[PDB]
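Protein chains in written order, with the authors' numbering: chain CD, 393 to 415; chain DJ, 133 to 186; chain DY, 2 to 68; chain CG, 5 to 125; chain CH, 57 to 83, 115 to 375, 394 to 572. Beta carbons are placed, not taken as given, at the ideal position from N, Cα and C, and that holds for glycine. So the structure is just underneath, and the comments pick up after that.
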Amino acid sequence: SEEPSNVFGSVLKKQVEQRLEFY
Amino acid sequence: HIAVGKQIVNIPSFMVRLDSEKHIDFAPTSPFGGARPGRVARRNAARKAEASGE
Amino acid sequence: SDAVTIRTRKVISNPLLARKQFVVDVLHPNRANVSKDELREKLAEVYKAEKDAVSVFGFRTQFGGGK
Amino acid sequence: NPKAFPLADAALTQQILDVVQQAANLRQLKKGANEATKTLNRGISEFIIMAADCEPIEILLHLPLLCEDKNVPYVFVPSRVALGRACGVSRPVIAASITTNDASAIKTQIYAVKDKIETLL
Amino acid sequence: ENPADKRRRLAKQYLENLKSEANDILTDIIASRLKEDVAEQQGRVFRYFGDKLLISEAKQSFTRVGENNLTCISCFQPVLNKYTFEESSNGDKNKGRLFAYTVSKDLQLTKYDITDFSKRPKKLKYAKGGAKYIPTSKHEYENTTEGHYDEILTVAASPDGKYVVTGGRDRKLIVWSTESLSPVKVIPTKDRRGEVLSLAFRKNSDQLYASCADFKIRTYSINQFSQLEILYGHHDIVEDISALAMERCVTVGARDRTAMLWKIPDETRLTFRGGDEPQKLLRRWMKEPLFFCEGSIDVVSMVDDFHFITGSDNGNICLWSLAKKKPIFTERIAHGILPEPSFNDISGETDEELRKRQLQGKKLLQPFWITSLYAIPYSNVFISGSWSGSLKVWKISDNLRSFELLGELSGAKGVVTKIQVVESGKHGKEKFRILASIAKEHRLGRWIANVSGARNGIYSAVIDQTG
RNA sequence: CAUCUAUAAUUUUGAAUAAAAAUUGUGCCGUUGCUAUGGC
């Protein structure tokens, strides 16, 4: 991606933190 | 242990057609793709049940 | 499990012979070689007829069995 | 010219998804983008099917680069739901890989679509 | 005291009712009603209510249920017999209680009363499986666990009103009583890949045909609890099934894209294939847009002794006769194309022009799959349904060469799984209840999870006829 | 399946509690009125 989307970065970190909460 | 279409064949040189090679499947009487296990399995189960009940 | 299904084909009445001719096709899966007496019984019931007037003959189980 | 390079028409897409089911039946197709990258590294992927409707196109656009590196052609499907349905699985796969096996009765079919795919590229 | 006298007495009451109904419609025709009974016993398409319907006032009612991922539903409608004259229902306290039997991926079968067309379907009883019906051997022909243990998929009520059969991904066919929901029998498929796909009772008979996932179909005897026949010939999975009063059984396989019309009387079968070419369709249009090739045919309803309709996945709806190998009337995109996805989700890059370039315009549009498709028996109308939330009813012409859209219904939301029609009333007036078990996911695989406002439940559409 | 009985309805006596004849739409939360509708 020439201009990456921090919205996708943030929702990816959100799913990661959802898994961390699932721990 | 494998029937072609519906027909059981024990000849390895059948020279099948295309529909039939799609229709290769185990025999429903075979212990593998169908009916009860063979004499060896059932006699070993018989001797094993006999030994466990003994 | 096993269901003897007795089916017919090519049924023609011969009123000259005052009868009906038909090719009998038996399916006896998980089964082998049902007896012609029982076949005549079931056929007489199916055709509302009498077993003595019913006659079956010339039967051949396929390779393997079940039919 | 978008980044969505070769994407077949309806009939071509239909027929590759049919080789997809037959190779999944004969266990000649592997599943997943990371696994497709793995068999690319392995040198046994014979060609690649990818999606177009993923989140986003880039995580599967990483694959055509290694495809041109290891001379293993590739194409795109419009629907990854359709790709997972031809994979035969409840979840929508976005990338699947046709492998190599010499004793495969569908190899003439795969070499046929190989001709058609190379003429598309 | 004599049975012939009792039959004649029932016939006397029958003709008395016939003449009083004739006087009612008056405020020839009796023999016409007799011929209608004979056409019901066997006939072609005769129910011609394709114009009396009032679709704009069709009352809609969605019913959300607690159970998730509904797979199938089976309506039992008891009808009065023609040869005998008691009922088709078994008990006396039933007296024609309209029944529904829903199976859902939570391993749950639930019976409902739908005897009224204004109220809501009442959850009469239920039965749920679980992991305690997990079998101990896991490697034998024995799969006689009294409950289901994995992914029930299809249900079929027997026409006698005595039994209900259930099949699913645990390769079993458990038939139960319809009152206590007690497992009266269970038939294992004796297979590794013999998973139950779709069931078909022969109309007015216990002859149940089971389309199964091991490329074969099993026909059963229910009263004796056995497997009569198995038929082979499907190159892909035997995906859906349909049956009628005689010994024909149509089955669709998806990826060979084939319609098998199995003939029980011969043990044999007939074939049907499509084959619409987009280049020929486009050249014909140039002689006159998009043209979606057939990916998979998935649903059939056998509408007659000589005709059947098939919904495919690429939007096609093909009507077929027994005379021609070709579809006698193909149909283009039914529920429309799927809405195009979003630019930001398809690209993930702040360049909006590149985002719409990745949207690519026309080359990423896909149609709606006709998920469910049900025909009213021996009628001239049929209904189709997708995850558009738009249940689309059409009618076939009298010459049986085309069908035209009657209307759409928007009370359902999501992937409609199973449709059934229940007719009620007197001979003149007929109220029709269109019930549809509807979930958020497809019954076979998930393949999708984001449908806006898709609910697990049943949508009921009650319509009248007038003309 | 039939009968029988439990629950729910009338009858009579008692202002009424009371007594007996005798008969015969949700797994979870939410908006939300007199049921419809969100999301997991």
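Buried or exposed by the 16-neighbour rule on C-beta atoms within 10 Å, applied to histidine 412 (chain CH): Around the beta carbon of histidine 412 (chain CH), 16 or more other beta carbons sit within 10 angstroms, so the residue counts as buried.
Where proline 96 (chain CG) falls, given that 16 or more other Cβ within 10 Å makes a residue buried: Per the 10 Å Cβ criterion, buried.
Cβ-based contacts, 7 Å cut-off: residues of the stretch 37-68 of chain DY near chain DJ: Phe64, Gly65
Segments assigned alpha helix (DSSP H), at least 4 residues, entirely inside the stretch 227-310 of chain CH: none
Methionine 333 (chain CH) in three-state terms, based on DSSP: coil
Reference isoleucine 433 (chain CH); option with closest CA among CH:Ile402, CH:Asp410, CH:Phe508: CH:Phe508
Residues from the stretch 7-20 of chain CG in contact with chain CH, defined by Cβ distance under 8 Å: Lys7, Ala8, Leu11, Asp13, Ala14, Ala15, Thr17, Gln18
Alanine 50 (chain DY), DSSP secondary structure in three states: Coil at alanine 50 (chain DY), not helix or strand.
Stretch pair the stretch 345-352 of chain CH + the stretch 489-506 of chain CH: three plus CB contacts closer than 8 Å: no
Opposing strand residues paired with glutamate 509 (chain CH) [DSSP bridges]: CH:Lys500
Reduced DSSP category for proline 59 (chain CH) - H, G, I as helix; E, B as strand; rest coil: helix
Contact list for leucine 315 (chain CH) against chain DY, beta-carbon separation under 7 Å: Near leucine 315 (chain CH) (Cβ distances below 7 Å), the residues of chain DY are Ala4, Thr6.
Rounded C-alpha distance that separates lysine 37 (chain DY) from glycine 170 (chain DJ): 30 Å
Contact the stretch 8-16 of chain DY vs the stretch 161-169 of chain DJ: 3+ CB pairs below 8 Å: Contact fails: fewer than three Cβ-Cβ distances are below 8 Å.
Within chain DJ, partners of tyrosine 319 (chain CH) - CB distance below 9 Å: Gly137, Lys138, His155, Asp157
Own chain partners of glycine 137 (chain CH) with C-beta closer than 7 Å, once the 5 adjacent residues on each side are dropped: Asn485, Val486, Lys500
Beta-carbon proximity of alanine 126 (chain CH) to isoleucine 116 (chain CH), cut-off 7 Å: Their beta carbons are not under 7 Å apart, which means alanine 126 (chain CH) does not touch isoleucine 116 (chain CH) by this criterion.
For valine 408 (chain CH), the first and last residue of its enclosing alpha helix (DSSP H): Careful: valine 408 (chain CH) lies outside any alpha helix (DSSP H) and carries neither H nor E.
Integer-rounded CB distance, given that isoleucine 475 (chain CH) should sit under 8 Å from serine 489 (chain CH): Rounded to the nearest angstrom, the Cβ distance from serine 489 (chain CH) to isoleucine 475 (chain CH) is 5 Å, consistent with a contact under 8 Å.
Enclosing beta strand (DSSP E) for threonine 358 (chain CH) [first to last residue]: The continuous beta strand (DSSP E) containing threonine 358 (chain CH) extends over residues 355-360.
Within chain CG, partners of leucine 469 (chain CH) - CB distance below 9 Å: In chain order: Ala8, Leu11, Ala56, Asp57, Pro82, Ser83.
Backbone secondary structure at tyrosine 115 (chain CG) - three-state DSSP: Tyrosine 115 (chain CG): helix per DSSP, three-state reduction.
Inter-residue spacing [alpha-carbon to alpha-carbon] between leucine 185 (chain CH) and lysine 215 (chain CH): 22 Å
Pairwise C-alpha distance: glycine 512 (chain CH) and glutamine 407 (chain CD): 43 Å
Limits of the unbroken alpha helix (DSSP H) element including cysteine 71 (chain CG): Where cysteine 71 (chain CG) is concerned, the enclosing alpha helix (DSSP H) stretches over 62-73.
7 Å Cβ cutoff met for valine 408 (chain CH) and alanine 480 (chain CH): Judged by beta-carbon spacing, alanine 480 (chain CH) lies within the 7 Å limit of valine 408 (chain CH), meaning their Cβ atoms are closer than that value.
Contacting positions in the stretch 197-231 of chain CH - beta carbon closer than 9 Å to chain DJ: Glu227, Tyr228
Where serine 308 (chain CH) meets chain DY, residues with beta-carbon distance less than 7 Å: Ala4
Residues that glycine 166 (chain DJ) contacts on chain CH, provided the C-beta gap is smaller than 7 Å: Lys277
Extent of the continuous beta strand (DSSP E) run through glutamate 528 (chain CH): 520-529
Counted within 10 angstroms of its Cβ, other Cβ atoms place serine 14 (chain DY) as buried (16 or more) or exposed: exposed
Proximity winner among CG:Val117, CG:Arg89, CG:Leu67, relative to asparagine 38 (chain CG) (alpha-carbon distances): CG:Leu67
Beta-ladder partner(s) of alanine 554 (chain CH), from DSSP: None, per the DSSP bridge assignment.
Backbone CA spacing between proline 222 (chain CH) and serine 2 (chain DY) [nearest angstrom]: 20 Å
Pairwise C-alpha distance: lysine 367 (chain CH) and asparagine 421 (chain CH): 16 Å
Terminal residues of the beta strand (DSSP E) in which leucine 211 (chain CH) lies: 209-215
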